[PDB]
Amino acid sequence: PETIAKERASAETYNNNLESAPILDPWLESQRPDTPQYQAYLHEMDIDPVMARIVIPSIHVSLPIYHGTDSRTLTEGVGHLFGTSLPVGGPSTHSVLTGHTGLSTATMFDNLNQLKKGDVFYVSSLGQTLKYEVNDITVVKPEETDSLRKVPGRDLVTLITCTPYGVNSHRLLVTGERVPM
C-alpha cells in the first residue's frame, strides 16, 4: 500500500489483454489446470491469499474469492473462473464467480435461487468496493456457455451455481451490472 495500486493496474491490464475463447463449465474439470497462461494468472491479484470478497446481503452470503474452480478451491469459498475478467470491475469486463449448491458442509451459493432483479451485491478487492445490481437471471445447460463472454463497454459480474439442489442438471446464472453509488 500503495503497491496495491500496481496490483490493480496490472489486473486491469490483464482484463484488457484477455482474449475471448471457449469457456467450459466450472464443474467439468475438478483439478487445477497446468499451463503457462494459468501460472501467469496466478500472479494477478496475489497480494493476499484471498483474491477478493463478495457480500450478497439479502441472502447472507459473505465469502472470500480465490483463483480457479478446482474442487479444493470451491470447498474453500467462491472460485473465480479462469478465462473470465478478474473481479476489479471496469469497462468491457465480465467476471464470473463460481459457488457450490448442495455441498452441505458449507452453504456457499445455496441460496442464489432467492435473488431477483434489482437485488444488490458488492465485490471488494484491492482497496475498492464495487456495487453490482442484478439484471438478468437464467437457468441453463452446462454446455450452454455463451452468456459468460465479455459484453463490450459493459461492466458485468455473473454468479454461477448448480441447480436444482442435489441434482445439478443445470446452472443458475445471476448477472449483475456495475452501478455507481
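One-based numbering along the sequence shown.
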Comparing 123-131 with 58-66, which stretch shows the greater average C-alpha B-factor in the deposited entry?
-> 123-131
Averaging the C-alpha B factors as listed in the entry, name the stretch that ends up higher: 23-31 or 49-57.
-> 23-31
For 115, 140, 42, 151, the deposited C-alpha B-factor is largest at 151
So, residue 167's CA B-factor, relative to its chain, sits in which third? The lowest
With respect to C-alpha B-factor, does residue 13 fall in the lowest, middle or highest third of the chain as deposited?
-> highest
Please rank the C-alpha B-factors of the chain's modelled residues and tell me whether residue 92 sits in the lowest, middle or highest third.
-> highest
